[PDB]
> 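Below: one structure in structure tokens.
So you know, we letter chains A, B, ... as the sequences are listed, proteins then strands, and number each from 1. Excluded from the calculations below are hydrogen atoms, water molecules and symmetry mates; all remaining heavy atoms, backbone and side chain alike, are included.
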Amino acid sequence: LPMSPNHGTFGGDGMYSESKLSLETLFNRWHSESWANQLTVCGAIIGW
Amino acid sequence: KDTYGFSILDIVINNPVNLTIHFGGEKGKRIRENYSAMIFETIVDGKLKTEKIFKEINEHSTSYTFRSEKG
């Protein structure tokens, strides 16, 4: 998952921060749902 | 399925030429350990040789493939 370190720090980017931040729910969903054996979550927080 | 991660029913029904067992996740690791434990033991000349079936499979093997010419 392409994750951002900054979620609204810069602003003026539409819903970019919303998309990236909500992409972190997959860490919990992996444990809490029945798709753990088919997908593994690797959130890469991409720097500058 | 639980031991070696393959379906004898599926093999009988479809006669696959190739069958890839994947060793991902905890279940895949258990299947890989079952595959690695398979040994061919033989007392030849009074000495118990222990050849290993699936010498390819190790702790880093992510998959094994049964091959066949036709099925």
> For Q38(A), look at atom CD and say whether over 12 heavy atoms of other residues, nucleotides or ligands are found less than 6.0 Å away.
yes

> Any link between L1(A) and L39(A) through a network of hydrophobic side chains (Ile, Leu, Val, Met, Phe, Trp, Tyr) touching at under 4.5 Å?
yes

> Can you see which heavy atom on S68(B) is nearest to which on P16(B), and at what distance?
OG-O, 4.1 Å

> Linking I/L/V/M/F/W/Y whenever their side-chain heavy atoms sit closer than 4.5 Å, directly or via other members, would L26(A) and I46(A) fall into one cluster?
no

> For a quick test of reading the model, state the closest non-hydrogen atom pair linking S4(A) to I45(A) and the distance between them.
C-CG2, 3.8 Å

> Quick one: do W30(A) and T40(A) satisfy side chain to side chain contact (heavy atoms under 4.5 Å, CB included)? Show the steps, please.
CA-CA 7 Å; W30(A) 185 97; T40(A) 60; 4.2 Å; yes

> What is the distance from atom OG of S61(B) to atom NZ of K55(B), rounded to the nearest 0.5 Å?
13.5 Å

> Do the side chains of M3(A) and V41(A) join up, straight or via other hydrophobic residues, at under 4.5 Å, putting them in one cluster?
yes

> Mark yes or no for whether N58(B), through its side chain, and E56(B), through its backbone, hold a donor-acceptor pair below 3.5 Å.
yes

> Do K52(B) side-chain atoms and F40(B) backbone N/O form a donor-acceptor pair below 3.5 Å?
no

> Would you name the heavy atoms of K49(B) and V44(B) that are closest together and state the gap between them?
CD-CG1, 3.6 Å

> Which pair of heavy atoms, one from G8(A) and one from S17(A), lies closest together, and at what distance?
N-CB, 3.2 Å

> Roughly how far apart are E33(B) CD and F23(B) CZ, rounded to 0.5 Å?
10.5 Å

> With heavy-atom distances below 4.5 Å as the criterion, would you say the side chains of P2(A) and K20(A) are in contact?
yes

> Can you label the angle between the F66(B) ring and the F54(B) ring as parallel, tilted or perpendicular, going by 30° and 60°?
perpendicular

> Could you check if a side-chain atom of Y64(B) sits within less than 4.5 angstrom of a side-chain atom of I31(B), using non-hydrogen atoms only?
no

> Quick check: closest heavy atoms across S7(B) and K1(B), and the distance to 0.1 Å?
CB-CE, 3.7 Å

> Judged by atom type as modelled, is there a donor-acceptor pair below 3.5 Å linking the side chain of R32(B) to the main-chain atoms of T62(B)?
no

> Measuring from atom NE2 of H7(A) to atom CD of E18(A), what distance do you get when rounded to the nearest 0.5 angstrom?
10.5 Å

> Do the ring planes of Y4(B) and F6(B) sit parallel (below 30°), tilted (30 to 60°) or perpendicular (above 60°)?
tilted

> Give a yes or no on whether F10(A) and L23(A) share a hydrophobic cluster (residues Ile, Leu, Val, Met, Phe, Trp, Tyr; joining criterion: side-chain heavy atoms under 4.5 Å apart).
no

> Could you state whether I53(B) and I21(B) fall into the same hydrophobic cluster, counting links through intermediate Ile, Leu, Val, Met, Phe, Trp or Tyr residues with side-chain heavy atoms under 4.5 angstrom apart?
yes

